[PDB]
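One structure is given below, encoded as C-alpha cells.
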Amino acid sequence: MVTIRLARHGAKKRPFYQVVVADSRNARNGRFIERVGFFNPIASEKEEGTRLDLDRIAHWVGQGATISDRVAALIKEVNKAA
Amino acid sequence: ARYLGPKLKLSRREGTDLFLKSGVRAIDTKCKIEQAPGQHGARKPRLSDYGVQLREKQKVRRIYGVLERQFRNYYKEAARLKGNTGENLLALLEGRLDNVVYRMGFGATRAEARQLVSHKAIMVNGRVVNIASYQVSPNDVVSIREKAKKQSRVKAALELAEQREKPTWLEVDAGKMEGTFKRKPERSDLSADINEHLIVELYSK
Amino acid sequence: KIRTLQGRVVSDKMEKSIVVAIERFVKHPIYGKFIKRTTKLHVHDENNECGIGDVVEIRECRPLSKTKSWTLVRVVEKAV
Amino acid sequence: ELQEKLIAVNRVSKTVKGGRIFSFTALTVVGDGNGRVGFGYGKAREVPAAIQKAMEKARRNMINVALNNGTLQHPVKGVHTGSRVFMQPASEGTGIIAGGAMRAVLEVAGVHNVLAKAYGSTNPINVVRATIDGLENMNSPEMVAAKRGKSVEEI
Amino acid sequence: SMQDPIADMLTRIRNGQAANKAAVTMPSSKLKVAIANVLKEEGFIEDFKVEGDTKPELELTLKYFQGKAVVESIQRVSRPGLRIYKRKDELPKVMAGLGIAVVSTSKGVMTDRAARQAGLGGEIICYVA
Amino acid sequence: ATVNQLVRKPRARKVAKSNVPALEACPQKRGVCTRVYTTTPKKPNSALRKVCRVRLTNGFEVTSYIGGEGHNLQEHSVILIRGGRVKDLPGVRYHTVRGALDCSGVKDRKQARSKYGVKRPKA
RNA sequence: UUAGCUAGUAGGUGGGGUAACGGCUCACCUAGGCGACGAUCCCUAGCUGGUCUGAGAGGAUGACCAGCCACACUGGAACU
RNA sequence: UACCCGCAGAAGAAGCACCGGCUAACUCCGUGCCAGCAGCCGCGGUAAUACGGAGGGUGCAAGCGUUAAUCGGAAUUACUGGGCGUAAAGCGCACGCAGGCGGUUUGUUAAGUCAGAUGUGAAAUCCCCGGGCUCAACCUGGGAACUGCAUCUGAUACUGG
Ligand SMILES: [Mg+2]
Ligand SMILES: [Mg+2]
Ligand SMILES: [Mg+2]
Ligand SMILES: [Mg+2]
Ligand SMILES: [Mg+2]
Ligand SMILES: [Mg+2]
Ligand SMILES: [Mg+2]
Ligand SMILES: [Mg+2]
Ligand SMILES: [Mg+2]
Ligand SMILES: [Mg+2]
Ligand SMILES: [Mg+2]
Ligand SMILES: [Mg+2]
C-alpha cells in the first residue's frame, strides 16, 4: 500500500509537514520511499511555504500510489493558485 | 545574567576608562584611576603572559557588558566565519543592539542602552525588539517609540553624544530621535587600545 | 558482460565439484602494506576436467549444495 | 626599534667547601620584527645582571630568515639535542600557535601566522636552539631558483 | 642482499653531496636512468652518462652551489617493504612546491608538478629537495 | 618496528586502571561504616586523620576519609562516599560526602560550605 | 596460558519436502570439508547512519532521532 | 495560547568556587606538626599570603563546585609519529620450512597501480549559502560532502604473473 503522506517535522507548535511517498504500514516519521516536497502550515505570508514535485507525484499516482486528504488538498490549491 | 556591582571597579582593574559612567563628569575626579581596586591596589605586581591575555579578554567583556558564555559563542562564530578571527569577533560585538543604540547616542551608556532596548523602547525597521544581543543587519532603521519619545533620559544622552566623538557608520537624526546602520565598522574606526590578537590565543589554548 | 572471477584449484577429491582459491592484493587498512588474502570457494563442475593447481574461470550461480554456489566457465592450465 | 624579551630564568648551584654558591641564568631572544632573530644566554649572581648579559649575547650571533609575508616559506623541522620542533606556515589571521619558548622566538623574528608544535624534551634552552635551526634551513624560492638554475616559474 | 637499487641510487647522491664528490658511479637500470633524467630536467644534477654494454654504469655528475649541496634532502617513499601509490588529487607537495616528488605513472617517470597537470598520478618513488 | 611485524601483531593499547574501583563508574556509592577510627599519616606528615572502614552497596569493603572539623559517624552509620585519595594515607582512596544521608555538615563553617554540606547562615 | 575441528559431517545419484535454490530431508555412493590468512573452544557484545574527542590519522562510544535484527514470564510447538 | 494594550510601584528576583606555585586574585586574627588542607609539588612544631574565621580581591553566574566516565595534551603502542652500546629493550649461536623481500634485459598479461564514465553511498546529523520563530538555541530550502563499494572502457612507467 504505497501512499503519499505528510510526515510531521519541525519544533512543537511550528509543524513542517514533509510530503513523502511511503508504504502505508510504516511509521508516520519512519521509513519512506522518496521525498516529494514540503508543506509549511505556518504560512508566514512573506515567502512561499509550499513547494511540491508534481511530476514525481504523477509518476507515483498513475502507477498505483495513493494520496491522503491533506496532500490532495495541497495538489488542488497549488494548481489553482499557480 | 548581568553586572550589578560597582561600575568603576571594572575601569580600575584594567586601569583605563571603560566608558561605564555617563561621562558628565571627569572620571579622574570621580575616582582614582591609577589604583587597582581593593586594599592592595597600591601594588602593581608583575603580570604574566596568561594574566595579560585574561585581562584583555575581561576588558572587552566589561566594555560591552557581555558575559563569558555569550562571549565564547561570539568567538566560535568569529572563528567559523571567513576572514580574520580578531576583527570578526569585534564586528559581532559592534552589531549588538546595546552598542548600536549607545553608539548612536540614545542611551548615555550601554546600561541606558540596555534599559532602552530591553524595555521595548527600541524599534528596528519598525519592529519592537527587547533583546540586547540582537545583531544589526546593514541598512536597518532603529527609532524611539512614540511613548518613549517624551522621556528626559533619552534627550539627555543626545547632548553627551555630541560631547564624545561621533561614529562615522551611524547616521542620527535627533530631531525625531532616529538612527541608521549604514554598515559595520572595519576595525580602523575602533579604538586601538584593544589588542584583539590576545583574545584569539586565550580561547585557542 | 557476465560477472566472472579468476582462481586456481586446490582440491578435486570430492566428486563433480572442486575447491578453488582466489588470490588478491589488498592494502592493509591501517599500516598501508599490500597484503594478499585468499578466498577459498567450492565450485561445482561437470565431467571433472579440473585437476590440482590449474588456473580456472568461475562464475556465481544459484545454490547447488550446502556450500557450492559457483560454476566452471573455462580452464587455462593443464598437465602440471 | 628592535624587540627583545626574556624566555626563562633559572637558579643554578655550584657547591664549594663553604657550601652552595647560587647563580642565576637568563635566556633571551632578540629580533627586529622582520626575520632577523638571535638568542642570548648569560649567567650572573643577580637577575638584572644575568638578563643584561644575555641581551648583548643576543645582539651578536644574529641570523637572517627569508619570510614570505609574515610567515614561513614552507614547513620546517628543527632538531636539537633533545628537542624536536615542527613548524608549518599557516593562513593569514590565524596568529601564532606555539609553545612558550617558540612563541617568543617566532614573534620577535616577525612571523605572525604559524602552526608550531614541540616534541621531545621541552627544555627552553634546547627548543630555542631547535627553532633557530629551523629558521636557518628554511629557504627562499629565489635562492632555490639560483640553486637549481631554473628561474622562478616554480611559483 | 641487494633489494632496493633505487634506494642505493638515492643514497649515493646523498653521500656524494655530503662528501663533496664531483661524481658518483653506479650500475645502470632503466628506472635508474628515468629518475636521473627527471633530476636532470629539473635541475638537481649536472649531467648523467651511461657507459658499457654488458655491465652498464651510470656516471652521475653532481651539482653544487657556493659551499652547499644542491640537494638539501633526498629520500625514498615507495619501498619494497611498503609500496606507496597516490591518486591525482592526493599527490604530495614536498616543501610547498619548492621541491619535487618523482612519480612513476603510466606515461613515464616524472615529477608531481608535471604529473598533476597531466592528470595521471601513480607511485611515489622519491622526494627530492 | 617493521610494518610486517606490526601487521602480524598490531599496537596493543595500554589498558587504563581506575583509581577508585569500588565506585565502578558511579559518582557516589552508599555504604555503612564497619569501623570508625583514626590513623597516623606517613611521614613527613603528623596528625590523627579521621577515617572509616565502609562496606559499600556492591559488597566492596573499603576505607574512607571524613573531611572537615567534627563528625558524628558512629558504627553502622549509612553514608555516601566519593572519589578522591588522601595522599598521606596508604589505601584511603575515598572521601565521605558531608551533608548527605546520616553524615552531618561541619559546624561553624563559613567558607567552602558547599564542599562540606553547610547550609547558608540566616544572615 | 584455546591447535586441531567435523560423521548429514563434505560432495554425487535418486525419492520426498518448500512460495522458491539448497543435506532442507531420507536411502545409496565417494572420502571428503574447515584450520596458523586462527578452524574449534572460552570471555564479552545488538549492528549501522551517527555521537564525543582529535589538526589529522585515530581513540572511545551506539542514550535521544531514523534503518535493520532479535525477543514478549521461562522452554517448546504448531494453527489461522 | 503566543502576542498586544492598561495599571501600580524599585517595588517580587545573586549565588557558588577560589586567592603558596602550576593559575587569574592578599592582608589581619585564631591556632602551633595539633586542628586540619591537599589534583601535583606539599603546608602546619609561635610574622602560616597554603589550616579556621574576617576584610579585600578574582573567576563564573541562575548557576557555581565536587565526584564519576570519554578523548585530548600522551610522539606515553609512534600508520601519519618512538626506540633497543651504557636509561626498559639484539634471542648464547647457527641451520632452516612457511611467510616477508628481491639483481638485470626483451616480450606478453593486465592482478596490484592510475585515468575516465555509470550505478549506488536512505533521510536526519556534520559543513556552506540562504529562509522563519522579535534575537538566540531551534526549525528549515538548496548545495557540498559521505572519494567507500561495484561494474564497464582505457594506460602500461613501477610491482606481480
Ligand atoms: Mg544562561
Ligand atoms: Mg542430494
Ligand atoms: Mg548482552
Ligand atoms: Mg594528537
Ligand atoms: Mg596517541
Ligand atoms: Mg620512547
Ligand atoms: Mg643497569
Ligand atoms: Mg639495559
Ligand atoms: Mg649478541
Ligand atoms: Mg625486479
Ligand atoms: Mg587492473
Ligand atoms: Mg546521507
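Letters A, B, ... go to the chains of the C-alpha cells in the order shown; residues in each chain start at 1; ligands are counted from 1 in the same order.
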
_Contacts to ligand 5 at 10 Å cut-off (only C-alpha atoms (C1' of nucleotides) and all ligand atoms) as a list in words_ =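 Counting only what the definition allows, namely only C-alpha atoms (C1' of nucleotides) and all ligand atoms, the set is residues 13 of chain F; 54, 58 and 59 of chain G; 71, 72, 73, 74, 75, 76, 77, 78 and 81 of chain H.
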
Can you pull out every residue within 12 Å of residue 82 of chain A, counting only C-alpha atoms (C1' of nucleotides), but drop anything in the same chain fewer than 3 positions away, and send it as a tab-separated table (two decimals) with C-alpha atoms, in the first residue's frame?
```tsv
chain	number	residue	atom	x	y	z
A	48	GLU	CA	6.37	30.71	-0.08
A	50	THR	CA	4.94	25.13	-0.03
A	51	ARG	CA	6.70	23.52	-3.00
A	52	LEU	CA	5.61	20.18	-4.35
A	74	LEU	CA	-2.38	20.64	-1.40
A	75	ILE	CA	-2.44	19.43	-5.01
A	76	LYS	CA	-5.65	21.30	-5.86
A	77	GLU	CA	-4.63	24.55	-4.12
A	78	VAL	CA	-1.18	24.61	-5.75
A	79	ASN	CA	-2.72	24.11	-9.20
```

Let's see if you can do this: from backbone DSSP, list all helix (DSSP H, G or I) residues in chain F, as a PDB file with N, CA, C and O atoms, in the first residue's frame.
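What landed in states-v9.pdb:
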```pdb
ATOM      1  N   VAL F   3      56.858  -2.760   9.464  1.00  0.00           N
ATOM      2  CA  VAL F   3      55.456  -2.792   9.052  1.00  0.00           C
ATOM      3  C   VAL F   3      54.942  -4.226   9.021  1.00  0.00           C
ATOM      4  O   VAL F   3      53.805  -4.502   9.421  1.00  0.00           O
ATOM      5  N   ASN F   4      55.777  -5.161   8.570  1.00  0.00           N
ATOM      6  CA  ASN F   4      55.393  -6.569   8.554  1.00  0.00           C
ATOM      7  C   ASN F   4      55.160  -7.083   9.970  1.00  0.00           C
ATOM      8  O   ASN F   4      54.198  -7.815  10.228  1.00  0.00           O
ATOM      9  N   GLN F   5      56.052  -6.734  10.895  1.00  0.00           N
ATOM     10  CA  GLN F   5      55.884  -7.137  12.287  1.00  0.00           C
ATOM     11  C   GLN F   5      54.589  -6.578  12.862  1.00  0.00           C
ATOM     12  O   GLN F   5      53.910  -7.245  13.650  1.00  0.00           O
ATOM     13  N   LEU F   6      54.239  -5.346  12.487  1.00  0.00           N
ATOM     14  CA  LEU F   6      53.051  -4.689  13.026  1.00  0.00           C
ATOM     15  C   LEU F   6      51.763  -5.269  12.456  1.00  0.00           C
ATOM     16  O   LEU F   6      50.741  -5.293  13.148  1.00  0.00           O
ATOM     17  N   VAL F   7      51.785  -5.729  11.206  1.00  0.00           N
ATOM     18  CA  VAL F   7      50.642  -6.460  10.667  1.00  0.00           C
ATOM     19  C   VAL F   7      50.442  -7.779  11.401  1.00  0.00           C
ATOM     20  O   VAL F   7      49.309  -8.157  11.720  1.00  0.00           O
ATOM     21  N   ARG F   8      51.526  -8.504  11.672  1.00  0.00           N
ATOM     22  CA  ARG F   8      51.399  -9.759  12.405  1.00  0.00           C
ATOM     23  C   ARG F   8      50.845  -9.536  13.810  1.00  0.00           C
ATOM     24  O   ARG F   8      49.990 -10.300  14.275  1.00  0.00           O
ATOM     25  N   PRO F  21      38.227   1.721  42.061  1.00  0.00           N
ATOM     26  CA  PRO F  21      37.453   0.595  41.517  1.00  0.00           C
ATOM     27  C   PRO F  21      36.151   0.324  42.247  1.00  0.00           C
ATOM     28  O   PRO F  21      35.211  -0.182  41.626  1.00  0.00           O
ATOM     29  N   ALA F  22      36.060   0.625  43.542  1.00  0.00           N
ATOM     30  CA  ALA F  22      34.847   0.303  44.288  1.00  0.00           C
ATOM     31  C   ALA F  22      33.670   1.191  43.910  1.00  0.00           C
ATOM     32  O   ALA F  22      32.525   0.834  44.201  1.00  0.00           O
ATOM     33  N   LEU F  23      33.925   2.335  43.275  1.00  0.00           N
ATOM     34  CA  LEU F  23      32.849   3.183  42.779  1.00  0.00           C
ATOM     35  C   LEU F  23      32.206   2.611  41.523  1.00  0.00           C
ATOM     36  O   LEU F  23      31.005   2.802  41.310  1.00  0.00           O
ATOM     37  N   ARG F 113      31.340  26.178  51.897  1.00  0.00           N
ATOM     38  CA  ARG F 113      30.287  25.456  52.598  1.00  0.00           C
ATOM     39  C   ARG F 113      29.687  24.352  51.740  1.00  0.00           C
ATOM     40  O   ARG F 113      29.262  23.322  52.274  1.00  0.00           O
ATOM     41  N   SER F 114      29.620  24.545  50.422  1.00  0.00           N
ATOM     42  CA  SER F 114      29.056  23.508  49.564  1.00  0.00           C
ATOM     43  C   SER F 114      29.932  22.267  49.530  1.00  0.00           C
ATOM     44  O   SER F 114      29.432  21.164  49.291  1.00  0.00           O
ATOM     45  N   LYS F 115      31.228  22.419  49.785  1.00  0.00           N
ATOM     46  CA  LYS F 115      32.131  21.280  49.831  1.00  0.00           C
ATOM     47  C   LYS F 115      32.048  20.526  51.145  1.00  0.00           C
ATOM     48  O   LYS F 115      32.674  19.470  51.274  1.00  0.00           O
TER      49      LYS F 115
END
```

*Check which residues fall inside 12 Å of ligand 2 when counting only C-alpha atoms (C1' of nucleotides) and all ligand atoms, and print them as an MDAnalysis selection string.*
(chainID C and resid 64:66) or (chainID G and resid 8 11:16 22:29)

*Kindly compile the residues surrounding ligand 8 within 10 Å, counting only C-alpha atoms (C1' of nucleotides) and all ligand atoms, and format them as a list in words.*
residues 84, 85, 86, 87, 88 and 89 of chain H

*What's the 10 Å shell around segment 14-31 of chain H, counting only C-alpha atoms (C1' of nucleotides), without same-chain residues fewer than 4 positions away, as a ChimeraX atom specification?*
/B:1,4,38-40,47-48,50-52,54-55 /F:111-115 /H:35,40-44,46,48-65

*Excluding residue 114 of chain H and residues on its chain fewer than 4 positions from it, collect all residues at most 7 Å away from it, counting only C-alpha atoms (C1' of nucleotides), and give them as a ChimeraX atom specification.*
/E:87,105-106,120-122

Store the residues picked out above in a file with N, CA and C atoms, as a JSON list (two decimals), in the first residue's frame.
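Below you can see again-v3.json, which holds the result:
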```json
[["chain", "number", "residue", "atom", "x", "y", "z"],
["E", 87, "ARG", "N", 46.82, 8.90, -5.75],
["E", 87, "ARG", "CA", 45.95, 9.31, -6.83],
["E", 87, "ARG", "C", 46.30, 10.73, -7.29],
["E", 105, "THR", "N", 54.19, 7.09, -13.24],
["E", 105, "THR", "CA", 52.84, 6.92, -13.75],
["E", 105, "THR", "C", 52.87, 6.11, -15.04],
["E", 106, "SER", "N", 51.69, 5.93, -15.63],
["E", 106, "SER", "CA", 51.58, 5.14, -16.86],
["E", 106, "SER", "C", 52.37, 5.75, -18.00],
["E", 120, "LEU", "N", 47.51, 12.25, -14.08],
["E", 120, "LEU", "CA", 47.72, 10.81, -14.01],
["E", 120, "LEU", "C", 47.83, 10.29, -12.59],
["E", 121, "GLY", "N", 48.79, 10.77, -11.80],
["E", 121, "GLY", "CA", 49.05, 10.14, -10.52],
["E", 121, "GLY", "C", 49.66, 8.76, -10.65],
["E", 122, "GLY", "N", 50.16, 8.21, -9.55],
["E", 122, "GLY", "CA", 50.78, 6.90, -9.59],
["E", 122, "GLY", "C", 51.61, 6.60, -8.36]]
```

*Within 12 Å of residue 15 of chain C, counting only C-alpha atoms (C1' of nucleotides), which residues qualify if same-chain residues fewer than 4 places away don't, as a list in words?*
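Result of the neighbour search: residues 11, 19, 42, 43, 44, 45, 46, 47, 48, 49, 50 and 51 of chain C; 10, 11, 12, 13, 29, 30, 31 and 32 of chain G.
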
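Residues within 7 Å of residue 101 of chain D, counting only C-alpha atoms (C1' of nucleotides) and excluding same-chain residues fewer than 6 positions away, are residues 7, 124, 127 and 128 of chain D.
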
Expected file contents, prior selection, N, CA, C and O atoms, as an mmCIF file, in the first residue's frame:
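Result file follows (again.cif):
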```
data_model
loop_
_atom_site.group_PDB
_atom_site.id
_atom_site.type_symbol
_atom_site.label_atom_id
_atom_site.label_comp_id
_atom_site.auth_asym_id
_atom_site.auth_seq_id
_atom_site.Cartn_x
_atom_site.Cartn_y
_atom_site.Cartn_z
ATOM 1 N N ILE D 7 63.067 34.758 27.835
ATOM 2 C CA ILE D 7 62.429 33.446 27.773
ATOM 3 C C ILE D 7 62.206 32.887 29.170
ATOM 4 O O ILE D 7 61.068 32.689 29.609
ATOM 5 N N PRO D 124 63.659 24.945 27.708
ATOM 6 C CA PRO D 124 63.718 26.196 26.934
ATOM 7 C C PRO D 124 65.019 26.397 26.181
ATOM 8 O O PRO D 124 64.993 26.858 25.035
ATOM 9 N N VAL D 127 64.821 24.078 22.984
ATOM 10 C CA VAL D 127 63.782 24.366 21.996
ATOM 11 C C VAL D 127 64.075 25.660 21.254
ATOM 12 O O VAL D 127 63.747 25.787 20.069
ATOM 13 N N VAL D 128 64.670 26.647 21.926
ATOM 14 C CA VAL D 128 65.071 27.866 21.229
ATOM 15 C C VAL D 128 66.143 27.556 20.194
ATOM 16 O O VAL D 128 66.107 28.069 19.072
#
```

*What is the distance between atom CA of residue 116 of chain F and atom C1' of residue 13 of chain H, in Å to one decimal?*
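Atom-to-atom, atom CA of residue 116 of chain F and atom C1' of residue 13 of chain H are spaced 27.1 Å apart.
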
*Report as a PyMOL selection string: the residues of segment 27-79 of chain C with a DSSP assignment of strand (DSSP E or B), based on the backbone of this structure.*
chain C and resi 27+34-44+55-60+70-75

Requested write-out: N, CA and C atoms of the selected residues, as a PDB file, in the first residue's frame:
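Writing the result to result.pdb gives the following:
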```pdb
ATOM      1  N   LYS C  27      45.278  -3.357   0.215  1.00  0.00           N
ATOM      2  CA  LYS C  27      46.030  -2.500   1.116  1.00  0.00           C
ATOM      3  C   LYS C  27      45.616  -2.814   2.545  1.00  0.00           C
ATOM      4  N   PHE C  34      50.566  -3.724   1.221  1.00  0.00           N
ATOM      5  CA  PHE C  34      49.764  -4.572   0.342  1.00  0.00           C
ATOM      6  C   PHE C  34      49.951  -6.031   0.741  1.00  0.00           C
ATOM      7  N   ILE C  35      49.025  -6.545   1.534  1.00  0.00           N
ATOM      8  CA  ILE C  35      48.989  -7.954   1.896  1.00  0.00           C
ATOM      9  C   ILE C  35      48.145  -8.713   0.881  1.00  0.00           C
ATOM     10  N   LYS C  36      48.279 -10.039   0.867  1.00  0.00           N
ATOM     11  CA  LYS C  36      47.485 -10.876  -0.022  1.00  0.00           C
ATOM     12  C   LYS C  36      46.578 -11.773   0.806  1.00  0.00           C
ATOM     13  N   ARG C  37      45.288 -11.760   0.484  1.00  0.00           N
ATOM     14  CA  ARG C  37      44.306 -12.629   1.108  1.00  0.00           C
ATOM     15  C   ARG C  37      43.982 -13.807   0.193  1.00  0.00           C
ATOM     16  N   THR C  38      43.113 -14.692   0.675  1.00  0.00           N
ATOM     17  CA  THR C  38      42.686 -15.860  -0.080  1.00  0.00           C
ATOM     18  C   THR C  38      41.197 -16.082   0.142  1.00  0.00           C
ATOM     19  N   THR C  39      40.480 -16.375  -0.939  1.00  0.00           N
ATOM     20  CA  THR C  39      39.042 -16.647  -0.915  1.00  0.00           C
ATOM     21  C   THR C  39      38.813 -18.054  -1.456  1.00  0.00           C
ATOM     22  N   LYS C  40      38.819 -19.046  -0.572  1.00  0.00           N
ATOM     23  CA  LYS C  40      38.574 -20.424  -0.981  1.00  0.00           C
ATOM     24  C   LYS C  40      37.080 -20.646  -1.197  1.00  0.00           C
ATOM     25  N   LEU C  41      36.698 -20.939  -2.439  1.00  0.00           N
ATOM     26  CA  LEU C  41      35.313 -21.174  -2.824  1.00  0.00           C
ATOM     27  C   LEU C  41      35.140 -22.589  -3.357  1.00  0.00           C
ATOM     28  N   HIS C  42      34.050 -23.234  -2.954  1.00  0.00           N
ATOM     29  CA  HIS C  42      33.673 -24.522  -3.519  1.00  0.00           C
ATOM     30  C   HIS C  42      32.937 -24.326  -4.834  1.00  0.00           C
ATOM     31  N   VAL C  43      33.407 -24.993  -5.885  1.00  0.00           N
ATOM     32  CA  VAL C  43      32.926 -24.763  -7.241  1.00  0.00           C
ATOM     33  C   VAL C  43      32.427 -26.082  -7.807  1.00  0.00           C
ATOM     34  N   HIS C  44      31.196 -26.079  -8.298  1.00  0.00           N
ATOM     35  CA  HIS C  44      30.637 -27.238  -8.977  1.00  0.00           C
ATOM     36  C   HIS C  44      31.249 -27.409 -10.361  1.00  0.00           C
ATOM     37  N   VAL C  55      44.808 -23.117 -13.274  1.00  0.00           N
ATOM     38  CA  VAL C  55      44.041 -21.884 -13.170  1.00  0.00           C
ATOM     39  C   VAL C  55      42.677 -22.116 -13.808  1.00  0.00           C
ATOM     40  N   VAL C  56      41.662 -21.411 -13.313  1.00  0.00           N
ATOM     41  CA  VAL C  56      40.270 -21.736 -13.606  1.00  0.00           C
ATOM     42  C   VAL C  56      39.462 -20.448 -13.628  1.00  0.00           C
ATOM     43  N   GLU C  57      38.476 -20.406 -14.520  1.00  0.00           N
ATOM     44  CA  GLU C  57      37.473 -19.354 -14.551  1.00  0.00           C
ATOM     45  C   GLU C  57      36.194 -19.860 -13.894  1.00  0.00           C
ATOM     46  N   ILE C  58      35.630 -19.070 -12.979  1.00  0.00           N
ATOM     47  CA  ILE C  58      34.418 -19.452 -12.262  1.00  0.00           C
ATOM     48  C   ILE C  58      33.399 -18.322 -12.312  1.00  0.00           C
ATOM     49  N   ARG C  59      32.118 -18.677 -12.185  1.00  0.00           N
ATOM     50  CA  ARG C  59      31.043 -17.694 -12.197  1.00  0.00           C
ATOM     51  C   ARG C  59      30.064 -18.014 -11.077  1.00  0.00           C
ATOM     52  N   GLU C  60      29.498 -16.966 -10.482  1.00  0.00           N
ATOM     53  CA  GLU C  60      28.462 -17.149  -9.476  1.00  0.00           C
ATOM     54  C   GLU C  60      27.180 -17.666 -10.110  1.00  0.00           C
ATOM     55  N   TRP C  70      29.196 -21.662  -7.071  1.00  0.00           N
ATOM     56  CA  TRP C  70      29.977 -21.193  -8.205  1.00  0.00           C
ATOM     57  C   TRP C  70      30.226 -22.338  -9.180  1.00  0.00           C
ATOM     58  N   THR C  71      30.315 -22.001 -10.468  1.00  0.00           N
ATOM     59  CA  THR C  71      30.437 -22.987 -11.533  1.00  0.00           C
ATOM     60  C   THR C  71      31.577 -22.631 -12.478  1.00  0.00           C
ATOM     61  N   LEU C  72      32.171 -23.671 -13.060  1.00  0.00           N
ATOM     62  CA  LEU C  72      33.185 -23.524 -14.097  1.00  0.00           C
ATOM     63  C   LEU C  72      32.668 -22.803 -15.332  1.00  0.00           C
ATOM     64  N   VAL C  73      33.572 -22.051 -15.959  1.00  0.00           N
ATOM     65  CA  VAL C  73      33.349 -21.463 -17.273  1.00  0.00           C
ATOM     66  C   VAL C  73      34.403 -21.942 -18.265  1.00  0.00           C
ATOM     67  N   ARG C  74      35.678 -21.832 -17.899  1.00  0.00           N
ATOM     68  CA  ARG C  74      36.772 -22.216 -18.780  1.00  0.00           C
ATOM     69  C   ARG C  74      37.986 -22.543 -17.925  1.00  0.00           C
ATOM     70  N   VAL C  75      38.957 -23.217 -18.538  1.00  0.00           N
ATOM     71  CA  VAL C  75      40.200 -23.607 -17.880  1.00  0.00           C
ATOM     72  C   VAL C  75      41.356 -23.171 -18.768  1.00  0.00           C
TER      73      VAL C  75
END
```

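Note that atom CA of residue 25 of chain D and atom CA of residue 11 of chain D are 6.3 Å apart.
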
*Neighbours of residue 60 of chain A within 12 Å (only C-alpha atoms (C1' of nucleotides); same-chain residues fewer than 6 positions away dropped), as a PyMOL selection string?*
chain A and resi 1-4+20-23+33-36+53-54+66-67

*Of the candidates C:9, C:14, C:76, C:28, which shows the shortest atom-to-atom distance to chain F, using only C-alpha atoms?*
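Using only C-alpha atoms, the shortest distance to chain F belongs to C:28.
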